[PDB]
8 protein chains.
Amino acid sequence: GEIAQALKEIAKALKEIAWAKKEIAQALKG
Amino acid sequence: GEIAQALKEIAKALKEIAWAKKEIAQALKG
Amino acid sequence: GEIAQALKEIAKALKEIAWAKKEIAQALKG
Amino acid sequence: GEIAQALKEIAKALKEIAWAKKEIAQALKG
Amino acid sequence: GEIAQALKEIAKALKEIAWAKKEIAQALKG
Amino acid sequence: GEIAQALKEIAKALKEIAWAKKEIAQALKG
Amino acid sequence: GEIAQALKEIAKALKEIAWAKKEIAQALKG
Amino acid sequence: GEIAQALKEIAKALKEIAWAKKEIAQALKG
């Protein structure tokens, strides 16, 4: 359904935020 | 539908937050 | 509809958060 | 309606978060 | 209604996050 | 109701995030 | 119900974010 | 159901954000 699919797009975008935060951790460790 | 479309706009805005965080990682690495 | 319009206001506010984070990246690069 | 009004209050609170992040950018630039 | 009231509690909590971020800006300016 | 109660748990968790950010402000001031 | 249970999982995940932020405060204080 | 499953995916993505923040704490402690 379209609402479930849109909520899954929100989850994917939150995962993109997590990936960006991991890049911040690696930048600080460097 | 309009609710699904609005939830997709929320997902797009969260992706914009992820892109900004990636720019923060690049700024710290520099 | 009013709920879709309110969800679009949430998306616009999240975009404002992304814009503020981009300003943080530019401040760090400077 | 009451649900739309409450979602608009969430959007206003997210805008307050964006404004605070802009203040963080100005603090880092200083 | 109870759902609208709970969404208003979420908005109040997000405002508390904005207030905490403002304290971070003041700490950096100091 | 159970949905309102779960949304109130989300609000309480967001308040925990605000409290943690206040601790970050105190750490930076120190 | 399944939606209430899923919203409670979101609250638990937000509490995990608060715990991680508390670890950031302790790292800065050190 | 599909909406509950999508909300559980949002919770999992928020847990990924918490894990990334824990990595930021470890980077700062180092």
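Keep in mind that the numbers below use all heavy atoms, side chains included, and drop hydrogens, waters and symmetry copies. Protein chains get the first letters and strands the later ones, always in sequence-line order, with residue 1 at the start of each.
- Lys22(H) NZ: 12 or fewer foreign heavy atoms inside a 6.0 Å radius.
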| Steps toward side chain to side chain contact (heavy atoms under 4.5 Å, CB included) verdict (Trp19(A), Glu16(H)) | CA-CA 8 Å; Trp19(A) 297 340; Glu16(H) 291 293 305; 5.9 Å; no
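- A pairwise comparison of heavy atoms in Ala20(H) and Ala18(A) identifies CB-O, 3.6 Å as the closest pair.
- Between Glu23(H) and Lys29(A) a salt bridge is recorded (basic side-chain N to carboxylate O distance below 4.0 Å).
- The most heavy-atom pairs under 4.5 Å with chain A, out of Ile3(H), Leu28(H), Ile17(H), come from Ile17(H).
- Across all non-hydrogen atoms, the minimal contact from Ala4(A) to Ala6(H) is O-CB, 3.6 Å.
- Annotation for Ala11(A) and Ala13(H): closest pair O-CB, 3.4 Å, computed over non-hydrogen atoms.
- Of all the heavy atoms in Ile24(A) and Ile24(H), the pair that sits closest is CG2-CD1, 4.1 Å.
- Heavy atoms of other residues, nucleotides or ligands lying less than 6.0 angstrom from NZ of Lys12(H) number 12 at most.
- Of the charged side-chain nitrogens involved, none lies within less than 4.0 Å of a carboxylate oxygen, so that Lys15(A) and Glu9(H) do not count as a salt-bridged pair.
- Rounding to the nearest 0.5 Å places CG of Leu7(A) at 5.0 Å from CD1 of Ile10(H).
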